[PDB]
Every structure is written in C-alpha cells, then in structure tokens.
Amino acid sequence: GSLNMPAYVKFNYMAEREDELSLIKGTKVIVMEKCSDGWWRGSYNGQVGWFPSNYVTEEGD
C-alpha cells in the first residue's frame, strides 16, 4: 500500500500555497497519501502537503 513511503524528488518544484509541498531535486519526501491521479500528499522535512507524482521517484521506476 502507501504508508511512510520514501520518494526522491525528480525536479525542483516550487510550492505556491500553504497546502502545497515544495520539492528539491536531490532531496526525499515521505509519501503517505497517493490518489488515483497526479496529486500525492507527502511530507518534506518542515512541511506536509500536496505534490505532483510526476516530480517524484518512488524507488526506481
């Protein structure tokens, strides 16, 4: 399933709003929630929120 799943950031993604999650190429986020579409919900040391699935590496491909 999806519980505390580590995901490595693919590309730099600037979070615009409060519930958006900023991503840095090279870093890793903790994925908890993953929807049926491109909006996933994970925590990046400091804040939690929504990030695009196309911008994260679950583990490989």
# chains A, B, ... in the order shown; residues from 1 in each chain; ligands from 1

$ residues_around --residues "residue 49 in chain A" --least-positions-apart "4" --cutoff "7 Å" --atoms "only C-alpha atoms" --output "number ranges by chain"
A: 19-21, 41-43

$ residues_around --residues "residue 22 in chain A" --least-positions-apart "5" --cutoff "9 Å" --atoms "only C-alpha atoms" --output "compact mmCIF listing (two decimals) with N, CA and C atoms, in the first residue's frame"
# COMPACT_ATOMS: atom_id res chain seq x y z
N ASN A 12 13.01 20.28 -9.39
CA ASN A 12 12.65 21.38 -8.49
C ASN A 12 11.22 21.83 -8.72
N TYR A 13 10.42 21.77 -7.66
CA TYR A 13 9.04 22.20 -7.71
C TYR A 13 8.76 23.20 -6.60
N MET A 14 8.45 24.43 -6.99
CA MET A 14 8.13 25.47 -6.03
C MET A 14 6.69 25.35 -5.58
N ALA A 15 6.50 25.25 -4.28
CA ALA A 15 5.17 25.22 -3.70
C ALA A 15 4.62 26.64 -3.61
N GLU A 16 3.45 26.86 -4.17
CA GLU A 16 2.88 28.20 -4.23
C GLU A 16 2.10 28.53 -2.96
N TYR A 44 7.79 16.87 3.43
CA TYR A 44 9.19 17.19 3.18
C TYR A 44 9.71 17.98 4.37
N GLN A 47 7.43 20.76 6.25
CA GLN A 47 6.02 20.92 5.91
C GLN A 47 5.47 19.68 5.23
N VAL A 48 4.15 19.55 5.24
CA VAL A 48 3.47 18.47 4.55
C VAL A 48 2.49 19.06 3.55
N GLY A 49 2.11 18.29 2.55
CA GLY A 49 1.08 18.75 1.65
C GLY A 49 1.07 18.02 0.33
N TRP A 50 0.51 18.67 -0.68
CA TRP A 50 0.31 18.05 -1.98
C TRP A 50 1.49 18.31 -2.91
N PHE A 51 1.87 17.29 -3.65
CA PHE A 51 2.91 17.41 -4.66
C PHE A 51 2.56 16.53 -5.86

$ residues_around --residues "residue 56 in chain A" --least-positions-apart "2" --cutoff "8 Å" --atoms "only C-alpha atoms" --output "NGL selection string"
:A and (7-11 or 52-54 or 58)

$ select_by_dssp --residues "chain A" --states "strand (DSSP E)" --output "PyMOL selection string"
chain A and resi 5-9+28-34+39-44+47-52+56-57

$ atom_distance --atom1 "CA of residue 18 in chain A" --atom2 "CA of residue 1 in chain A"
26.7 Å

$ atom_distance --atom1 "CA of residue 35 in chain A" --atom2 "CA of residue 3 in chain A"
12.8 Å

$ atom_distance --atom1 "CA of residue 55 in chain A" --atom2 "CA of residue 23 in chain A"
7.9 Å

$ closest_residue --among "A:32, A:25, A:17, A:57" --to "residue 2 in chain A" --atoms "only C-alpha atoms"
A:32

$ residues_around --residues "residue 31 in chain A" --least-positions-apart "5" --cutoff "6 Å" --atoms "only C-alpha atoms" --output "MDAnalysis selection string"
chainID A and resid 4:6 42

$ write_last_selection --atoms "N, CA and C atoms" --output "short mmCIF file (atom, residue, chain, number, x, y, z; two decimals), in the first residue's frame"
data_model
loop_
_atom_site.label_atom_id
_atom_site.label_comp_id
_atom_site.auth_asym_id
_atom_site.auth_seq_id
_atom_site.Cartn_x
_atom_site.Cartn_y
_atom_site.Cartn_z
N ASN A 4 4.17 5.84 4.75
CA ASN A 4 5.53 6.30 5.01
C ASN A 4 6.47 5.82 3.91
N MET A 5 6.07 6.08 2.67
CA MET A 5 6.83 5.66 1.51
C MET A 5 7.81 6.75 1.11
N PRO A 6 9.12 6.46 1.12
CA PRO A 6 10.13 7.43 0.73
C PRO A 6 10.10 7.69 -0.78
N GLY A 42 2.48 14.22 0.72
CA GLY A 42 3.64 13.77 1.46
C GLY A 42 4.27 14.88 2.26
#

$ decode --residues "range 21-48 of chain A" --atoms "N, CA and C atoms" --output "CSV table (one decimal), in the first residue's frame"
chain,number,residue,atom,x,y,z
A,21,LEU,N,3.5,21.3,-1.4
A,21,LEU,CA,4.7,20.8,-0.8
A,21,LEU,C,5.9,21.1,-1.8
A,22,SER,N,6.8,21.9,-1.3
A,22,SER,CA,8.0,22.2,-2.1
A,22,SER,C,8.9,21.1,-2.3
A,23,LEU,N,9.4,20.9,-3.5
A,23,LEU,CA,10.3,19.8,-3.9
A,23,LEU,C,11.6,20.3,-4.4
A,24,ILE,N,12.7,19.6,-4.0
A,24,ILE,CA,14.0,19.9,-4.4
A,24,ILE,C,14.7,18.7,-5.0
A,25,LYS,N,15.1,18.9,-6.3
A,25,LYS,CA,15.8,17.8,-7.0
A,25,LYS,C,17.0,17.4,-6.1
A,26,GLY,N,17.0,16.1,-5.8
A,26,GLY,CA,18.1,15.6,-4.9
A,26,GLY,C,17.6,15.2,-3.6
A,27,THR,N,16.5,15.8,-3.1
A,27,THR,CA,16.0,15.5,-1.8
A,27,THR,C,15.0,14.4,-1.8
A,28,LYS,N,14.4,14.1,-0.6
A,28,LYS,CA,13.5,13.0,-0.5
A,28,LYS,C,12.3,13.4,0.4
A,29,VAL,N,11.1,13.0,0.0
A,29,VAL,CA,9.9,13.3,0.8
A,29,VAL,C,9.3,12.0,1.3
A,30,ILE,N,8.4,12.1,2.3
A,30,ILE,CA,7.8,11.0,2.9
A,30,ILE,C,6.3,10.9,2.4
A,31,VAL,N,6.0,10.0,1.5
A,31,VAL,CA,4.7,9.9,0.9
A,31,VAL,C,3.8,9.1,1.8
A,32,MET,N,2.6,9.6,2.1
A,32,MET,CA,1.6,8.9,2.9
A,32,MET,C,0.4,8.7,2.1
A,33,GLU,N,-0.1,9.7,1.4
A,33,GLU,CA,-1.3,9.7,0.7
A,33,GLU,C,-1.0,9.7,-0.8
A,34,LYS,N,-1.6,8.8,-1.6
A,34,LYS,CA,-1.5,8.8,-3.0
A,34,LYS,C,-2.8,8.6,-3.7
A,35,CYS,N,-3.3,9.5,-4.4
A,35,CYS,CA,-4.6,9.5,-5.1
A,35,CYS,C,-4.5,8.7,-6.4
A,36,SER,N,-5.7,8.6,-7.1
A,36,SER,CA,-5.7,7.9,-8.4
A,36,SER,C,-5.3,8.8,-9.5
A,37,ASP,N,-4.9,10.0,-9.2
A,37,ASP,CA,-4.4,11.0,-10.1
A,37,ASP,C,-3.1,11.5,-9.7
A,38,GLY,N,-2.7,12.6,-10.3
A,38,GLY,CA,-1.3,13.1,-10.2
A,38,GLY,C,-1.0,13.9,-8.9
A,39,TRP,N,-2.0,14.0,-8.0
A,39,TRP,CA,-1.9,14.7,-6.7
A,39,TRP,C,-1.6,13.7,-5.6
A,40,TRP,N,-0.4,13.7,-5.1
A,40,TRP,CA,0.0,12.9,-3.9
A,40,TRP,C,0.2,13.8,-2.7
A,41,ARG,N,0.1,13.2,-1.6
A,41,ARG,CA,0.3,14.0,-0.3
A,41,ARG,C,1.4,13.4,0.5
A,42,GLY,N,2.5,14.2,0.7
A,42,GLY,CA,3.6,13.8,1.5
A,42,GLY,C,4.3,14.9,2.3
A,43,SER,N,5.2,14.5,3.1
A,43,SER,CA,5.9,15.5,4.0
A,43,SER,C,7.4,15.6,3.6
A,44,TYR,N,7.8,16.9,3.4
A,44,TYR,CA,9.2,17.2,3.2
A,44,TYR,C,9.7,18.0,4.4
A,45,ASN,N,10.7,17.4,5.1
A,45,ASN,CA,11.2,17.9,6.4
A,45,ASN,C,10.9,19.3,6.6
A,46,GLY,N,9.8,19.6,7.3
A,46,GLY,CA,9.4,21.0,7.6
A,46,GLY,C,7.9,21.3,7.4
A,47,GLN,N,7.4,20.8,6.2
A,47,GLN,CA,6.0,20.9,5.9
A,47,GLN,C,5.5,19.7,5.2
A,48,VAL,N,4.1,19.6,5.2
A,48,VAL,CA,3.5,18.5,4.6
A,48,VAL,C,2.5,19.1,3.6
